[PDB]
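Numbers and lists here come from the model and the stated rules, or from a named source; no laboratory instrument gave them. Heads up, the Cβs are rebuilt from the backbone with ideal geometry, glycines too, and the neighbour counts pull from every protein chain shown.
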Amino acid sequence: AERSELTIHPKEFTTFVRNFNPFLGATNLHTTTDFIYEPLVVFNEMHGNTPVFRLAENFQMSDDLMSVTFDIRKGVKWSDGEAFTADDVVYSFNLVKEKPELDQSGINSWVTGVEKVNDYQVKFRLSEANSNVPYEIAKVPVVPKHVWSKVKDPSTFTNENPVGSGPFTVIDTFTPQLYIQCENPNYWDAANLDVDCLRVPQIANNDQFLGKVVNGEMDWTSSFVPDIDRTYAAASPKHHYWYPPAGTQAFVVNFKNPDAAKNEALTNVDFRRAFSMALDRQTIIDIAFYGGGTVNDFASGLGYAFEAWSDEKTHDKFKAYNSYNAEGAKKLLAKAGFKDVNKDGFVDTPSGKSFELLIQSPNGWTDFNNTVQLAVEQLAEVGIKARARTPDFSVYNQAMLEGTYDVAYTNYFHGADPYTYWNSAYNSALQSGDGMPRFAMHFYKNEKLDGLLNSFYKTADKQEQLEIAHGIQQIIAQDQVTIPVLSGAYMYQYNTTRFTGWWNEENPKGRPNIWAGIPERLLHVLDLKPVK
Ligand SMILES: CC(=O)N[C@@H]1[C@@H](O)[C@H](O[C@@H]2O[C@H](CO)[C@@H](O)[C@H](O)[C@H]2NC(C)=O)[C@@H](CO)O[C@H]1O
Ligand code: NI
(Lines give C-alpha, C1' and ligand atoms only; values in the text may rest on other atoms or scores of the structure.)
(Ligands and ions follow the chains in the order given, each with its own letter.)
Protein backbone atom coordinates (compact mmCIF):
# COMPACT_ATOMS: atom_id res chain seq x y z
CA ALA A 1 0.00 0.00 0.00
CA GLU A 2 1.32 3.56 1.06
CA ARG A 3 2.81 3.73 4.63
CA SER A 4 4.68 1.45 7.08
CA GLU A 5 3.03 1.07 10.55
CA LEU A 6 5.27 -0.57 13.17
CA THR A 7 3.11 -2.23 15.96
CA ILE A 8 4.79 -1.76 19.40
CA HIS A 9 3.74 -2.29 23.03
CA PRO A 10 5.76 -0.21 25.65
CA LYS A 11 3.18 -0.22 28.57
CA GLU A 12 -0.06 -1.99 29.52
CA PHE A 13 -3.18 0.16 30.02
CA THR A 14 -7.01 -0.49 30.10
CA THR A 15 -7.81 2.78 28.28
CA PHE A 16 -5.56 5.44 26.71
CA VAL A 17 -5.70 8.96 28.07
CA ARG A 18 -4.24 11.61 25.79
CA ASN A 19 -1.18 12.94 27.73
CA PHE A 20 2.22 13.55 25.95
CA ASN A 21 3.86 15.57 28.84
CA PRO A 22 7.37 14.03 29.08
CA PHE A 23 7.78 15.11 32.78
CA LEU A 24 4.65 13.19 33.99
CA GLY A 25 5.90 9.54 33.80
CA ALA A 26 3.24 8.29 36.26
CA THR A 27 0.34 9.49 34.02
CA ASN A 28 1.58 9.90 30.40
CA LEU A 29 1.76 7.71 27.29
CA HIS A 30 5.06 5.76 27.03
CA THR A 31 6.01 6.83 23.46
CA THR A 32 6.65 10.50 24.58
CA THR A 33 10.33 10.29 25.64
CA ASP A 34 12.82 9.53 22.81
CA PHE A 35 10.20 9.38 19.96
CA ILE A 36 8.61 12.91 20.58
CA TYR A 37 11.40 14.52 22.74
CA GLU A 38 14.81 13.22 21.52
CA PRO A 39 17.75 13.38 24.02
CA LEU A 40 20.98 15.33 23.63
CA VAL A 41 23.05 12.04 23.62
CA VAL A 42 22.14 8.38 23.88
CA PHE A 43 24.63 6.15 25.84
CA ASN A 44 24.82 2.50 24.75
CA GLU A 45 24.76 0.74 28.12
CA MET A 46 25.33 -2.80 26.84
CA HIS A 47 28.58 -1.57 25.20
CA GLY A 48 30.48 0.45 27.86
CA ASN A 49 28.20 3.62 27.63
CA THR A 50 29.60 4.38 24.14
CA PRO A 51 28.01 7.71 23.12
CA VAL A 52 25.71 8.46 20.13
CA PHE A 53 25.49 12.22 19.58
CA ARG A 54 21.87 13.33 18.84
CA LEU A 55 20.58 16.94 19.52
CA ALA A 56 24.13 17.71 20.95
CA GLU A 57 27.22 17.12 18.93
CA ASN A 58 29.80 17.12 21.73
CA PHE A 59 30.38 17.73 25.52
CA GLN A 60 33.39 18.51 27.69
CA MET A 61 33.80 18.29 31.53
CA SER A 62 35.87 20.96 33.28
CA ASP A 63 39.20 19.97 34.86
CA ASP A 64 37.81 20.07 38.38
CA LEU A 65 34.67 17.97 37.32
CA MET A 66 32.38 20.73 38.69
CA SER A 67 30.94 21.84 35.33
CA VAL A 68 30.26 20.61 31.80
CA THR A 69 29.70 22.33 28.49
CA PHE A 70 27.44 20.84 25.76
CA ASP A 71 27.64 21.88 22.02
CA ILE A 72 24.18 22.01 20.35
CA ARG A 73 23.90 20.77 16.70
CA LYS A 74 23.16 23.52 14.17
CA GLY A 75 20.23 23.27 11.62
CA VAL A 76 17.85 21.17 13.89
CA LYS A 77 14.13 22.13 13.84
CA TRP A 78 11.18 21.55 16.11
CA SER A 79 8.23 19.84 14.31
CA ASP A 80 6.42 23.19 13.73
CA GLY A 81 9.54 24.55 11.85
CA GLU A 82 11.11 26.72 14.67
CA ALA A 83 14.90 26.30 15.33
CA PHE A 84 16.10 24.12 18.26
CA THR A 85 18.69 26.12 20.28
CA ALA A 86 20.46 26.43 23.65
CA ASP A 87 17.46 28.47 24.84
CA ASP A 88 15.27 25.27 24.91
CA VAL A 89 17.86 23.37 27.06
CA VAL A 90 18.20 26.34 29.58
CA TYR A 91 14.40 26.72 29.82
CA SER A 92 13.78 22.92 30.37
CA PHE A 93 16.43 22.68 33.22
CA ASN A 94 15.10 25.83 34.83
CA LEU A 95 11.53 24.46 34.69
CA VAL A 96 12.53 21.17 36.48
CA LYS A 97 14.45 23.22 39.20
CA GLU A 98 11.48 25.58 39.82
CA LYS A 99 8.69 22.88 39.69
CA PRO A 100 10.59 19.94 41.42
CA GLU A 101 7.54 17.66 41.02
CA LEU A 102 8.73 17.40 37.36
CA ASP A 103 12.17 15.93 38.41
CA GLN A 104 11.86 12.16 37.71
CA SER A 105 15.64 11.28 38.02
CA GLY A 106 17.27 13.32 40.84
CA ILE A 107 18.87 15.89 38.51
CA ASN A 108 18.20 18.76 41.03
CA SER A 109 20.65 16.98 43.48
CA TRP A 110 23.48 17.40 40.90
CA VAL A 111 22.85 20.53 38.74
CA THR A 112 22.71 23.88 40.56
CA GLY A 113 22.53 26.08 37.49
CA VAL A 114 22.45 26.29 33.72
CA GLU A 115 23.98 29.17 31.60
CA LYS A 116 23.53 29.98 27.97
CA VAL A 117 27.07 30.68 26.45
CA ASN A 118 25.59 31.41 22.96
CA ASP A 119 22.79 29.87 20.77
CA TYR A 120 24.76 26.58 20.38
CA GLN A 121 26.50 26.10 23.73
CA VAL A 122 25.17 25.51 27.29
CA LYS A 123 27.17 25.33 30.55
CA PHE A 124 26.01 23.26 33.57
CA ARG A 125 27.37 23.94 37.08
CA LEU A 126 27.41 21.15 39.68
CA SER A 127 26.76 20.76 43.45
CA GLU A 128 29.51 18.13 43.70
CA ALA A 129 32.14 16.52 41.35
CA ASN A 130 30.62 13.87 39.06
CA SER A 131 32.46 12.38 36.02
CA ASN A 132 29.14 10.57 35.08
CA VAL A 133 27.10 13.84 34.96
CA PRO A 134 26.69 13.86 31.14
CA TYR A 135 24.72 10.59 31.49
CA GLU A 136 22.49 12.17 34.19
CA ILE A 137 21.91 15.34 32.13
CA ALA A 138 20.84 13.22 29.07
CA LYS A 139 17.86 11.81 31.11
CA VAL A 140 16.06 15.20 31.38
CA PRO A 141 13.46 15.87 28.57
CA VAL A 142 14.10 19.07 26.52
CA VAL A 143 10.87 20.75 25.39
CA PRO A 144 10.30 23.90 23.16
CA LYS A 145 10.50 27.15 25.18
CA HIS A 146 8.29 28.92 22.60
CA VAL A 147 5.32 26.68 23.51
CA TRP A 148 5.89 25.69 27.18
CA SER A 149 6.88 29.15 28.56
CA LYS A 150 3.26 30.32 27.70
CA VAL A 151 1.46 27.46 29.42
CA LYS A 152 -0.38 28.44 32.64
CA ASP A 153 0.81 25.36 34.53
CA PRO A 154 3.30 22.89 32.99
CA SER A 155 2.80 20.38 35.82
CA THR A 156 -0.93 19.88 34.79
CA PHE A 157 -0.52 20.42 30.99
CA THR A 158 -1.49 17.30 29.01
CA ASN A 159 0.28 18.44 25.79
CA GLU A 160 -2.42 16.88 23.52
CA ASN A 161 -0.95 18.29 20.24
CA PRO A 162 2.80 18.04 20.80
CA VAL A 163 5.60 20.05 19.17
CA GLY A 164 8.69 17.78 19.30
CA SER A 165 12.26 17.18 18.16
CA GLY A 166 12.21 13.39 17.69
CA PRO A 167 11.26 11.04 14.81
CA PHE A 168 7.46 10.66 15.53
CA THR A 169 5.54 13.77 16.49
CA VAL A 170 2.27 13.73 14.54
CA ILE A 171 -0.83 12.31 16.30
CA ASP A 172 -2.40 10.76 13.18
CA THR A 173 -5.16 8.82 15.08
CA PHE A 174 -6.12 8.85 18.75
CA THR A 175 -8.81 6.69 20.35
CA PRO A 176 -8.94 5.01 23.78
CA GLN A 177 -8.13 1.58 22.22
CA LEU A 178 -5.47 2.54 19.62
CA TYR A 179 -3.29 5.48 18.63
CA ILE A 180 -0.91 6.06 15.66
CA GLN A 181 2.09 8.44 15.96
CA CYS A 182 3.68 9.42 12.61
CA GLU A 183 6.85 11.12 11.27
CA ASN A 184 7.89 14.58 12.33
CA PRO A 185 7.67 16.61 8.97
CA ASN A 186 10.87 18.56 9.84
CA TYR A 187 12.91 15.66 11.41
CA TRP A 188 16.63 16.45 11.53
CA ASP A 189 17.62 12.79 10.92
CA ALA A 190 14.98 12.02 8.29
CA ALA A 191 17.71 10.53 6.01
CA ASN A 192 18.17 7.60 8.50
CA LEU A 193 14.42 6.91 9.28
CA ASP A 194 12.65 4.25 7.13
CA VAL A 195 9.49 3.69 9.37
CA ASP A 196 6.51 6.06 8.77
CA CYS A 197 4.50 5.53 11.97
CA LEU A 198 4.29 3.76 15.33
CA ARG A 199 0.97 1.85 15.83
CA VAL A 200 0.17 1.43 19.59
CA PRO A 201 -2.76 -0.91 20.50
CA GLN A 202 -4.40 -0.99 24.04
CA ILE A 203 -3.44 -4.19 25.92
CA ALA A 204 -4.38 -4.59 29.63
CA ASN A 205 -2.45 -7.67 30.89
CA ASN A 206 -0.23 -10.60 29.92
CA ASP A 207 -3.21 -12.92 29.02
CA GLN A 208 -4.57 -10.43 26.46
CA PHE A 209 -1.03 -9.97 25.15
CA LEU A 210 -0.38 -13.73 24.74
CA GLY A 211 -3.43 -13.97 22.40
CA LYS A 212 -2.19 -11.18 20.16
CA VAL A 213 1.52 -12.18 20.01
CA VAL A 214 0.71 -15.92 19.22
CA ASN A 215 -1.50 -14.80 16.28
CA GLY A 216 1.37 -12.70 14.79
CA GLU A 217 -0.28 -9.31 15.37
CA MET A 218 2.78 -7.62 16.96
CA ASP A 219 6.14 -6.36 15.62
CA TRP A 220 8.21 -5.12 18.64
CA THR A 221 7.41 -6.16 22.23
CA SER A 222 9.06 -6.79 25.64
CA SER A 223 6.37 -8.61 27.69
CA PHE A 224 6.53 -11.79 29.76
CA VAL A 225 5.37 -14.84 27.63
CA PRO A 226 4.88 -18.15 29.48
CA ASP A 227 6.27 -21.40 27.90
CA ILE A 228 7.65 -19.28 25.06
CA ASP A 229 9.11 -22.06 22.81
CA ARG A 230 5.83 -24.06 22.75
CA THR A 231 3.37 -21.13 22.52
CA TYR A 232 4.80 -18.15 20.60
CA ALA A 233 7.95 -19.48 18.87
CA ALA A 234 6.18 -22.66 17.75
CA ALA A 235 3.29 -20.78 16.09
CA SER A 236 5.47 -19.38 13.15
CA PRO A 237 9.14 -19.39 11.90
CA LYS A 238 8.62 -15.59 11.66
CA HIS A 239 8.36 -15.32 15.47
CA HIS A 240 11.70 -14.64 17.21
CA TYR A 241 13.10 -13.48 20.60
CA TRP A 242 16.36 -12.47 22.27
CA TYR A 243 16.69 -12.27 26.13
CA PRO A 244 20.03 -10.66 27.21
CA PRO A 245 20.59 -10.59 31.06
CA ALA A 246 18.95 -7.75 33.04
CA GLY A 247 18.86 -6.46 36.64
CA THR A 248 17.90 -7.41 40.16
CA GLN A 249 14.42 -8.30 41.50
CA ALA A 250 13.66 -8.16 45.27
CA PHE A 251 11.03 -7.87 47.97
CA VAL A 252 11.20 -4.25 49.36
CA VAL A 253 9.82 -3.55 52.84
CA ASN A 254 8.46 -0.22 54.17
CA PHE A 255 10.55 1.01 57.17
CA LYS A 256 7.96 3.82 57.78
CA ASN A 257 4.76 1.76 57.80
CA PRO A 258 2.18 3.61 59.97
CA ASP A 259 0.80 0.46 61.70
CA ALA A 260 2.77 -0.13 64.98
CA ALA A 261 2.71 -3.92 64.81
CA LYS A 262 3.72 -4.16 61.13
CA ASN A 263 6.45 -1.50 61.67
CA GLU A 264 7.92 -3.69 64.52
CA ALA A 265 8.27 -6.66 62.09
CA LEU A 266 9.38 -4.88 58.88
CA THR A 267 12.10 -2.76 60.60
CA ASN A 268 13.71 -5.87 62.31
CA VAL A 269 16.89 -7.24 60.71
CA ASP A 270 16.28 -10.77 62.06
CA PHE A 271 12.71 -10.77 60.64
CA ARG A 272 13.99 -9.70 57.12
CA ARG A 273 16.66 -12.47 57.21
CA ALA A 274 14.04 -15.14 58.28
CA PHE A 275 11.61 -13.94 55.48
CA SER A 276 14.65 -14.32 53.08
CA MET A 277 15.54 -17.93 54.28
CA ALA A 278 11.90 -19.07 53.87
CA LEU A 279 12.12 -18.39 50.08
CA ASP A 280 13.22 -20.94 47.50
CA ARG A 281 14.69 -18.73 44.76
CA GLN A 282 15.42 -21.53 42.21
CA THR A 283 11.83 -22.88 42.44
CA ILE A 284 10.49 -19.31 41.94
CA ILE A 285 12.67 -19.07 38.77
CA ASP A 286 11.57 -22.56 37.46
CA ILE A 287 7.76 -22.03 38.09
CA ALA A 288 7.08 -18.37 37.74
CA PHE A 289 9.66 -17.57 34.98
CA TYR A 290 9.92 -20.97 33.17
CA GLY A 291 13.61 -20.92 34.02
CA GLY A 292 14.33 -17.40 32.73
CA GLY A 293 16.38 -15.97 35.57
CA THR A 294 19.46 -16.51 37.78
CA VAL A 295 19.42 -16.93 41.63
CA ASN A 296 20.55 -13.73 43.47
CA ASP A 297 22.09 -14.80 46.84
CA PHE A 298 23.84 -11.41 47.43
CA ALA A 299 22.39 -9.71 50.57
CA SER A 300 23.52 -6.45 48.88
CA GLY A 301 21.53 -7.30 45.68
CA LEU A 302 24.70 -7.00 43.51
CA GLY A 303 23.92 -10.09 41.34
CA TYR A 304 26.04 -12.48 39.28
CA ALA A 305 26.23 -10.15 36.24
CA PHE A 306 28.66 -8.13 38.47
CA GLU A 307 30.44 -10.97 40.20
CA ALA A 308 33.86 -9.34 39.18
CA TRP A 309 32.95 -6.33 41.40
CA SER A 310 32.11 -8.40 44.53
CA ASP A 311 34.01 -8.50 47.85
CA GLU A 312 33.65 -12.25 48.28
CA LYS A 313 34.26 -12.01 52.03
CA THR A 314 31.05 -10.00 52.41
CA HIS A 315 29.11 -12.20 49.91
CA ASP A 316 30.11 -15.42 51.75
CA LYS A 317 29.38 -13.89 55.26
CA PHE A 318 25.70 -13.23 54.45
CA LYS A 319 24.93 -15.90 51.75
CA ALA A 320 23.39 -18.26 54.35
CA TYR A 321 20.65 -15.69 55.02
CA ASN A 322 19.91 -15.55 51.25
CA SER A 323 19.62 -19.31 50.59
CA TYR A 324 16.65 -21.61 51.18
CA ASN A 325 16.61 -22.88 54.78
CA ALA A 326 13.11 -23.28 56.23
CA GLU A 327 14.36 -24.84 59.52
CA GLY A 328 16.92 -22.03 59.96
CA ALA A 329 14.16 -19.41 59.41
CA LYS A 330 12.03 -21.05 62.20
CA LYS A 331 15.02 -21.11 64.56
CA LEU A 332 15.90 -17.45 63.83
CA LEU A 333 12.28 -16.28 64.50
CA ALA A 334 12.39 -18.11 67.83
CA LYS A 335 15.81 -16.63 68.87
CA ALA A 336 14.73 -13.15 67.92
CA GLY A 337 11.40 -13.40 69.90
CA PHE A 338 8.75 -13.59 67.10
CA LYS A 339 6.66 -16.03 69.24
CA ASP A 340 2.99 -17.16 68.69
CA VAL A 341 1.30 -15.82 71.89
CA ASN A 342 -2.34 -15.57 70.64
CA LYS A 343 -2.52 -19.28 69.64
CA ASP A 344 -3.43 -18.61 65.92
CA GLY A 345 -0.43 -20.72 64.64
CA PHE A 346 1.56 -17.72 63.19
CA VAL A 347 4.35 -15.73 64.88
CA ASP A 348 3.46 -12.40 66.52
CA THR A 349 5.71 -9.38 67.04
CA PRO A 350 8.31 -9.28 69.90
CA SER A 351 5.77 -7.08 71.86
CA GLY A 352 3.06 -9.77 71.34
CA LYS A 353 0.86 -8.13 68.60
CA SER A 354 -0.65 -10.16 65.78
CA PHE A 355 0.10 -9.04 62.17
CA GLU A 356 -0.29 -10.01 58.53
CA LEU A 357 2.00 -8.70 55.66
CA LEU A 358 0.30 -7.43 52.51
CA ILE A 359 2.70 -8.14 49.56
CA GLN A 360 1.87 -6.15 46.34
CA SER A 361 2.95 -6.60 42.66
CA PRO A 362 1.36 -4.81 39.61
CA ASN A 363 -1.93 -5.89 37.91
CA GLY A 364 -1.33 -7.92 34.81
CA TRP A 365 2.44 -8.66 35.48
CA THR A 366 1.63 -12.38 35.82
CA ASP A 367 5.33 -13.59 36.31
CA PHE A 368 5.58 -11.20 39.37
CA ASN A 369 2.04 -12.07 40.57
CA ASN A 370 2.95 -15.81 40.60
CA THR A 371 6.27 -15.06 42.36
CA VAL A 372 4.37 -13.35 45.23
CA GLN A 373 1.82 -16.18 45.52
CA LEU A 374 4.70 -18.78 45.76
CA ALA A 375 6.39 -16.64 48.44
CA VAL A 376 3.11 -16.29 50.50
CA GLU A 377 2.98 -20.20 50.59
CA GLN A 378 6.74 -20.46 51.52
CA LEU A 379 6.32 -17.84 54.24
CA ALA A 380 3.28 -19.72 55.80
CA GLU A 381 5.49 -22.86 56.11
CA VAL A 382 7.76 -20.98 58.66
CA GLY A 383 4.85 -19.33 60.47
CA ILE A 384 4.86 -15.87 58.79
CA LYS A 385 1.29 -14.62 57.86
CA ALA A 386 1.12 -12.86 54.46
CA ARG A 387 -1.26 -12.34 51.53
CA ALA A 388 -0.95 -11.17 47.90
CA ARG A 389 -2.33 -7.94 46.38
CA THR A 390 -2.20 -7.11 42.63
CA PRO A 391 -3.08 -3.36 42.35
CA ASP A 392 -3.08 -1.43 39.06
CA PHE A 393 0.48 -0.09 38.44
CA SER A 394 -0.50 3.51 39.15
CA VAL A 395 -1.94 2.53 42.61
CA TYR A 396 1.11 0.14 43.30
CA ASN A 397 3.52 3.07 42.57
CA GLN A 398 1.53 5.70 44.51
CA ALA A 399 1.38 3.44 47.58
CA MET A 400 5.20 3.31 47.57
CA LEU A 401 5.65 7.08 47.16
CA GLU A 402 3.10 7.74 50.01
CA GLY A 403 4.54 4.97 52.39
CA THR A 404 1.12 3.23 52.70
CA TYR A 405 2.22 -0.31 51.53
CA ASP A 406 3.84 -3.22 53.63
CA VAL A 407 6.04 -5.15 51.13
CA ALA A 408 6.37 -4.84 47.31
CA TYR A 409 7.98 -7.13 44.71
CA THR A 410 9.88 -5.07 42.10
CA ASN A 411 12.64 -5.08 39.52
CA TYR A 412 15.15 -2.25 38.93
CA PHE A 413 16.98 -0.68 35.97
CA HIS A 414 20.30 -2.30 35.04
CA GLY A 415 23.39 -0.36 33.89
CA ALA A 416 26.90 -0.80 32.73
CA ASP A 417 28.19 -0.96 36.30
CA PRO A 418 26.57 -1.54 39.74
CA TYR A 419 25.78 2.11 40.42
CA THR A 420 22.55 2.17 38.41
CA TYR A 421 21.13 -0.51 40.76
CA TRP A 422 22.68 0.67 44.06
CA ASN A 423 22.05 4.38 43.61
CA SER A 424 18.39 4.05 42.40
CA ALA A 425 17.56 1.32 45.01
CA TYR A 426 19.19 3.02 48.13
CA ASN A 427 20.06 6.82 47.84
CA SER A 428 17.88 8.69 50.34
CA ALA A 429 17.83 11.79 48.07
CA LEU A 430 15.47 9.70 45.80
CA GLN A 431 12.84 9.24 48.60
CA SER A 432 11.37 12.74 48.47
CA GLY A 433 9.77 14.42 45.47
CA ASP A 434 6.37 13.93 43.88
CA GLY A 435 7.95 12.83 40.47
CA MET A 436 10.41 10.28 41.90
CA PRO A 437 9.99 6.57 40.81
CA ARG A 438 9.33 3.77 43.37
CA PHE A 439 12.78 2.16 43.60
CA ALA A 440 14.22 3.83 46.78
CA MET A 441 10.83 4.04 48.59
CA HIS A 442 11.67 1.75 51.53
CA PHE A 443 12.55 4.87 53.61
CA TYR A 444 15.72 3.27 55.08
CA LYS A 445 17.89 6.38 55.33
CA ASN A 446 21.62 5.98 55.99
CA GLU A 447 23.83 9.11 55.54
CA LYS A 448 26.98 7.04 55.46
CA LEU A 449 25.73 4.86 52.54
CA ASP A 450 24.53 8.11 50.78
CA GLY A 451 28.12 9.52 51.20
CA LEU A 452 29.67 6.49 49.56
CA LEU A 453 27.11 6.46 46.65
CA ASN A 454 27.73 10.24 46.12
CA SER A 455 31.52 9.65 46.06
CA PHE A 456 31.42 6.79 43.39
CA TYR A 457 31.97 9.13 40.37
CA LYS A 458 33.98 11.98 42.08
CA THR A 459 36.79 10.60 39.83
CA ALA A 460 36.79 8.42 36.69
CA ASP A 461 39.24 5.96 38.23
CA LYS A 462 37.78 2.44 38.09
CA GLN A 463 40.16 0.93 40.62
CA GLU A 464 38.92 3.45 43.24
CA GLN A 465 35.29 2.83 42.21
CA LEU A 466 35.90 -0.92 43.00
CA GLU A 467 36.98 -0.05 46.63
CA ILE A 468 33.93 2.32 47.03
CA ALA A 469 31.77 -0.62 45.77
CA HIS A 470 33.17 -2.89 48.55
CA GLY A 471 32.10 -0.32 51.19
CA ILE A 472 28.55 0.03 49.73
CA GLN A 473 28.28 -3.80 49.42
CA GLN A 474 29.15 -4.28 53.16
CA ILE A 475 26.76 -1.66 54.57
CA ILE A 476 23.67 -2.92 52.64
CA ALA A 477 24.47 -6.66 53.25
CA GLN A 478 24.98 -6.21 57.04
CA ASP A 479 21.57 -4.45 57.35
CA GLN A 480 19.70 -6.88 54.86
CA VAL A 481 17.90 -3.74 53.68
CA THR A 482 15.76 -5.57 51.04
CA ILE A 483 15.33 -9.38 50.23
CA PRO A 484 16.95 -9.93 46.74
CA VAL A 485 15.54 -12.96 44.85
CA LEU A 486 16.96 -13.25 41.31
CA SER A 487 18.51 -11.44 38.29
CA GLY A 488 16.00 -11.25 35.35
CA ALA A 489 16.09 -10.89 31.62
CA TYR A 490 15.51 -8.13 29.09
CA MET A 491 12.37 -9.81 27.57
CA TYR A 492 12.11 -9.01 23.82
CA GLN A 493 10.13 -10.49 20.92
CA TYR A 494 10.38 -9.41 17.26
CA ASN A 495 8.48 -10.53 14.11
CA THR A 496 10.20 -10.67 10.63
CA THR A 497 6.83 -10.53 8.67
CA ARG A 498 6.74 -6.78 8.08
CA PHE A 499 10.24 -5.41 8.99
CA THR A 500 13.88 -6.38 8.98
CA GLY A 501 17.08 -4.96 10.63
CA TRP A 502 16.31 -6.18 14.20
CA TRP A 503 18.91 -6.49 16.95
CA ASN A 504 19.43 -10.06 18.20
CA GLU A 505 22.03 -12.58 19.41
CA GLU A 506 23.82 -12.44 16.04
CA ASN A 507 23.42 -8.64 15.82
CA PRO A 508 23.74 -7.68 19.55
CA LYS A 509 23.85 -3.88 19.02
CA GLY A 510 22.35 -2.70 22.31
CA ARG A 511 19.48 -3.30 24.84
CA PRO A 512 16.69 -4.27 22.35
CA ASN A 513 13.60 -3.39 24.49
CA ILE A 514 10.72 -1.07 23.71
CA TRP A 515 9.96 0.28 27.23
CA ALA A 516 10.17 3.94 28.21
CA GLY A 517 13.58 4.40 30.05
CA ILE A 518 15.51 2.42 27.38
CA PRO A 519 16.70 5.36 25.24
CA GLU A 520 18.53 2.92 22.85
CA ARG A 521 15.00 2.23 21.39
CA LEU A 522 15.53 5.44 19.31
CA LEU A 523 18.75 3.86 17.85
CA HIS A 524 16.96 0.49 17.23
CA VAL A 525 13.98 2.08 15.26
CA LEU A 526 16.56 3.88 13.03
CA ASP A 527 17.90 0.36 11.96
CA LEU A 528 14.38 -1.06 10.90
CA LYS A 529 13.33 -1.28 7.22
CA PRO A 530 9.92 -2.39 5.82
CA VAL A 531 9.61 -5.68 3.84
CA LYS A 532 5.80 -4.71 3.47
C1 LIG B 1 12.72 -1.70 35.93
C2 LIG B 1 11.30 -1.56 35.43
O3 LIG B 1 10.48 -0.88 36.06
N4 LIG B 1 10.89 -2.22 34.25
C5 LIG B 1 9.45 -2.13 33.78
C6 LIG B 1 9.13 -3.46 32.98
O7 LIG B 1 9.29 -4.59 33.89
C8 LIG B 1 7.65 -3.31 32.59
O9 LIG B 1 7.33 -4.44 31.69
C10 LIG B 1 6.51 -5.48 32.24
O11 LIG B 1 7.31 -6.35 33.02
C12 LIG B 1 6.43 -7.34 33.70
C13 LIG B 1 7.40 -8.04 34.67
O14 LIG B 1 8.40 -8.89 34.10
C15 LIG B 1 5.89 -8.28 32.62
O16 LIG B 1 4.93 -9.14 33.29
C17 LIG B 1 5.05 -7.47 31.65
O18 LIG B 1 4.66 -8.32 30.54
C19 LIG B 1 5.87 -6.26 31.07
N20 LIG B 1 4.98 -5.38 30.29
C21 LIG B 1 5.23 -4.86 29.06
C22 LIG B 1 4.15 -3.91 28.50
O23 LIG B 1 6.29 -5.11 28.49
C24 LIG B 1 7.49 -2.07 31.74
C25 LIG B 1 6.04 -1.87 31.32
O26 LIG B 1 5.14 -1.95 32.45
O27 LIG B 1 7.80 -0.93 32.63
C28 LIG B 1 9.25 -0.96 32.78
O29 LIG B 1 9.58 0.25 33.40
NI1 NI C 1 26.59 -9.35 49.32
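The table for this structure:
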| read-out | value |
| --- | --- |
| Residue in the stretch 457-471 that is among the hydroxyl-bearing types (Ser, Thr, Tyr), under 30 Å from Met277 (Cα atoms) and not assigned by CATH to the domain that holds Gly216 present | no |
| Subset of the stretch 305-318 that is part of a helix (DSSP H, G or I) and surrounded by 14 or more Cβ atoms within 10 Å (Cβ to Cβ) - its residue that is nearest to ligand 1 (Cβ to nearest atom) | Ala305 |
| Which numbered condition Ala191 misses (of (1) more than 20 Å from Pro10 (Cα to Cα); (2) of a type outside the set (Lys, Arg); (3) part of a loop (DSSP other than H, G, I, E, B)) | (3) |
| Single match in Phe251, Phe275 (criterion: more than 16 Å from ligand 1 (Cβ to nearest atom), of a type in the set (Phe, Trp, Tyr) and either within 28 Å of the chain's Cα centre (by Cα) or not in a helix (DSSP H, G or I) (or both)) | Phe275 |
| Set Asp63, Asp87, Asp80: member being more than 16 Å from ligand 2 (Cβ to nearest atom), surrounded by fewer than 21 Cβ atoms within 10 Å (Cβ to Cβ) and under 17 Å from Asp119 (Cβ atoms) | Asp87 |
| Qualifying residues in the stretch 1-36 (those that are of a type in the set (A, V, I, L, M) and in a loop (DSSP other than H, G, I, E, B)) - the one farthest from ligand 1 (Cβ to nearest atom) | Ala1 |
| The stretch 366-379, subset touching a residue at least 12 places away in the same chain (Cβ under 8 Å) and more than 16 Å from ligand 1 (Cβ to nearest atom), residue surrounded by the most Cβ atoms within 10 Å (Cβ to Cβ) | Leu379 |
| Among (1) more than 16 Å from ligand 2 (Cβ to nearest atom); (2) closer than 30 Å to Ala274 by Cβ; (3) in contact with a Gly (Cβ under 7 Å, 6 or more places away or on another chain), the one test that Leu452 misses | (1) |
| So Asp297, is it away from ligand 2 (no atom under 16 Å from the Cβ), of a type in the set (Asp, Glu) and out of contact with any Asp or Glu (no Cβ under 7 Å at 6 or more places or on another chain) | no |
| Single residue of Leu379, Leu358, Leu302, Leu374 found to be within 16 Å of ligand 2 (Cβ to nearest atom) and either assigned to a loop (DSSP other than H, G, I, E, B) or within 30 Å of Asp207 (Cβ to Cβ) (or both) | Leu302 |
| All helices (runs of 4 or more DSSP H) inside the stretch 403-515 with 3 or more residues being without any contact (Cβ under 8 Å) to a residue 40 or more places away in the chain | 447-455, 462-479 |
| Test set (1) part of a loop (DSSP other than H, G, I, E, B); (2) assigned by CATH to the domain that holds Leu379; (3) of a type in the set (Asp, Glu); (4) surrounded by fewer than 18 Cβ atoms within 10 Å (Cβ to Cβ) - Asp297 fails condition number | (4) |
| Any hit, the stretch 318-334, residues being in contact (Cβ under 8 Å) with a residue 60 or more places away in the chain and over 21 Å from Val252 (Cα atoms) | no |
| Where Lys238 falls short, out of the listed (1) over 26 Å from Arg281 (Cβ atoms); (2) in contact with a helix residue (DSSP H, G or I) (Cβ under 8 Å, 6 or more places away or on another chain) | (2) |
| Unique match (being surrounded by 17 or more Cβ atoms within 10 Å (Cβ to Cβ), over 27 Å from the mean Cα position of the chain (by Cα) and part of a loop (DSSP other than H, G, I, E, B)) among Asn184, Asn159 | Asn184 |
| Residue within the stretch 202-210 that is assigned to a loop (DSSP other than H, G, I, E, B) and of a type in the set (A, V, I, L, M, F, W, C) present | yes |
| Residue satisfying all of: in the stretch 214-248; among the hydroxyl-bearing types (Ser, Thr, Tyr) and away from ligand 1 (no atom under 12 Å from the Cβ); nearest to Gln202 (Cα to Cα) among these | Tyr232 |
